[PDB]
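**Student:** Numbering (my numbering), first residue to last: -15 to 118.
Here a beta-carbon is modelled for each residue, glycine too, at the ideal position from N, C-alpha and C.
Before we start, here is the structure in question, set down as structure tokens.
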Amino acid sequence: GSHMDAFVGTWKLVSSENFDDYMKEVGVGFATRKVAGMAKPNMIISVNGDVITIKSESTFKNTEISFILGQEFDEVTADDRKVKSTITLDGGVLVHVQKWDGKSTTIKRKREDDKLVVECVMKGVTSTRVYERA
Ligand SMILES: O=C(O)c1ccccc1C(=O)[C@H]1c2ccccc2S[C@@H]1c1csc2ccccc12
């Protein structure tokens, strides 16, 4: 077993705050913001050995990333950015940094009670997305 197994499972989005504003800051265009903003993704997190997989499934897009903590990888985001991603587990928080075009955004995922809370930050703008078990 591992600490990381607190995140494993199938999660459904229950609330969102400031996600349109976050996407604006990231540089997502109007039409993508509208359709992505309507998405209610389910997030499936699994671990096999050292490899963590996070899959997000919705009517907008289905995406999947697999990675080893601390080891950079190339990722194509749901909004079609080509980014360099590094994911670490710091003090029980999964911290995902994406770098592209001289820009950076950080996505933190934390357990809080029966929720999985996702905080996305792009410069000064934070979006909070709350998931519960499916
Ligand atoms: O939805 C989240 O909770 C989330 C948080 C951080 C990173 C990715 C996500 C996602 O799940 C992303 C995703 C992936 C597949 C299907 C639908 C969605 S909505 C969201 C997303 C759409 S454009 C964009 C542009 C920037 C960031 C997210 C996003």
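Is any heavy atom in ligand 1 found nearer than 7 Å to the beta carbon of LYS107?
**Tutor:** Stepping through the sequence shown from its first residue, residue 107 is reached at position 123. Every heavy atom of ligand 1 is 7 Å or more from the Cβ of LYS107, so no.
**Student:** How would you label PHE(-9), buried or exposed, when you count the other beta carbons within 10 angstroms and need 16 or more for buried?
**Tutor:** For the purposes of this step, residue -9 is taken as the residue at position 7 of the sequence shown. Classification of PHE(-9): buried, given that the 10 Å Cβ count is 16 or more.
**Student:** Find out if the Cβ-Cβ distance for the pair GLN82, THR89 is shorter than 8 Å.
**Tutor:** Position 98 of the sequence shown holds residue 82. Position 105 of the sequence shown holds residue 89. In this structure, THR89 lies closer than 8 Å to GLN82 by Cβ.
**Student:** Tell me the rounded alpha-carbon separation between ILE28 and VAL12.
**Tutor:** The residue given as residue 28 occupies position 44 in the sequence shown. The residue given as residue 12 occupies position 28 in the sequence shown. Computed Cα separation, rounded: 24 Å.
**Student:** Does the Cβ of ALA118 lie closer than 7 Å to at least one heavy atom of ligand 1?
**Tutor:** Mapped onto the sequence shown, residue 118 falls at position 134. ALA118 Cβ: outside cutoff for every heavy atom of ligand 1.
**Student:** Would you decide whether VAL10 is buried or exposed? Buried here means 16 or more other CB atoms lie within 10 Å of its CB.
**Tutor:** As a working note, residue 10 is residue 26 in the sequence shown. It is buried - the Cβ of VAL10 has at least 16 other Cβ atoms within 10 Å.
**Student:** At which residues does the alpha helix (DSSP H) containing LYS8 begin and terminate?
**Tutor:** Residue numbering aside, residue 8 sits at position 24 when the sequence shown is read from its first letter. Segment 3 to 10, the alpha helix (DSSP H) holding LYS8.
**Student:** Below 7 Å, is the gap between the Cβ of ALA62 and the nearest heavy atom of ligand 1?
**Tutor:** Numbered from 1 along the sequence shown, position 78 holds the residue referred to as residue 62. Flag set: Cβ of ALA62 near ligand 1.
**Student:** Could you tell me which residues DSSP puts in a beta bridge with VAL79?
**Tutor:** Counting from 1 along the sequence shown, the entry for residue 79 is found at position 95. Beta-bridge pairing links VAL79 to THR72 and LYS92.
**Student:** Relative to the C-alpha of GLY54, which residue among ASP4, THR61, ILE36 and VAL67 is closest?
**Tutor:** On the sequence shown, residue 54 is found 70 positions in, with the first residue counted as 1. Considering only alpha carbons, the answer is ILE36.
**Student:** When DSSP labels each residue in this structure, what does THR47 get in the three-state scheme?
**Tutor:** In the sequence shown, residue 47 corresponds to position 63, counting from 1. Strand at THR47.
**Student:** Could you tell me if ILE38 is buried or exposed, where buried requires 16 or more neighbouring beta carbons within 10 angstroms of its beta carbon?
**Tutor:** Position 54 of the sequence shown, counting from 1, holds the residue named residue 38. Buried: at least 16 other Cβ atoms inside 10 Å.
**Student:** Is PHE14 near ligand 1, in the sense that its beta carbon is under 7 Å from a heavy atom of that ligand?
**Tutor:** Looking up residue 14 in the sequence shown gives position 30. Not under cutoff, so the answer is no.
**Student:** Looking only at C-alpha atoms, which of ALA15, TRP(-5) and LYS94 sits nearest to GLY75?
**Tutor:** In the sequence shown, counting from the first residue as 1, residue 75 sits at position 91. The candidate whose alpha carbon is nearest that of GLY75 is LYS94.
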